[PDB]
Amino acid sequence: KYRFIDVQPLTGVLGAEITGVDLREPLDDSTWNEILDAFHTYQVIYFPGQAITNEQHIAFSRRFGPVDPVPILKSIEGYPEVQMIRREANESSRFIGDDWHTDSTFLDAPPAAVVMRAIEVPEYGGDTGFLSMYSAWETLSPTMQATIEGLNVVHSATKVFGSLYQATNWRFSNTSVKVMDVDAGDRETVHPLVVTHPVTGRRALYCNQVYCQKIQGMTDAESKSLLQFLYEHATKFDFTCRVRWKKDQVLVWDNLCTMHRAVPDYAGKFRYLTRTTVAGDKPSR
């Protein structure tokens, strides 16, 4: 069915490799329409072998929507919108993003999408996992769905760069991570536990252990119990795929309907990807 690009789905759940296109060149309307369709169908799409410039990265990201950096990451000099996920070979700090999450959900309007490009990565190690929150939602019984669909969740960055972060002893390195204001870390926002994607109209479960503090209105014990069940459910191996990186692979993921995590199995090896983030609207039900 695709005529302007070649798409090879990665699993029966999510993920697709796209080839037959050169992202260094402008895309005609037909080629862009297929790309966007593949992005909305497969949720995480990746293009091996795209030796693009940083400006081309920026422009390509702009096709998905307004570009706008996430609060915590350092950017390359000359490009505030091009942020780094960079780990030096000798680092001993915590690996960025090494549990399931989606990005910056403590924001009133988290990103819609992220476009990541491998600069220099290990021959093996440092895969990124993804999973579908559409599948997590769809595999809940209708009874379970009706039960939880009216709930909201309180999100904040407290464990990442607020008071809880300051409490613990593990730190990120300053290679890619900025020093942040503690109160900014502890500012709370509220999102729906079940969101409707604004383009596809499909529903997705929307919670993550990194930023979700509690179910709004619940006791700590009620909220901890529901959220724990939902995390176990959503992170079943069945709902995941695994993306392996090579130099100049460019990947886009939908930040509303997927979760992702870094795999820290390359200790002692240099790894560097850049990324631009695409702004989103307020998550809504």
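Sequential numbering from 1, following the sequence displayed.
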Ranked by mean Cα B-factor in the entry, 159-167 and 142-150, top stretch is 159-167
As the entry reports it, the stretch among 174-182 and 108-116 with higher mean C-alpha B factor is 174-182
So, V199's CA B-factor, relative to its chain, sits in which third? The highest
So, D68's CA B-factor, relative to its chain, sits in which third? The highest
Of the three thirds of the chain ranked by Cα temperature factor, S225 occupies the highest
Of the three thirds of Cα B-factor ranks in this chain, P192 occupies the middle
Temperature factor at the Cα of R94, chain-ranked in thirds, falls in the highest
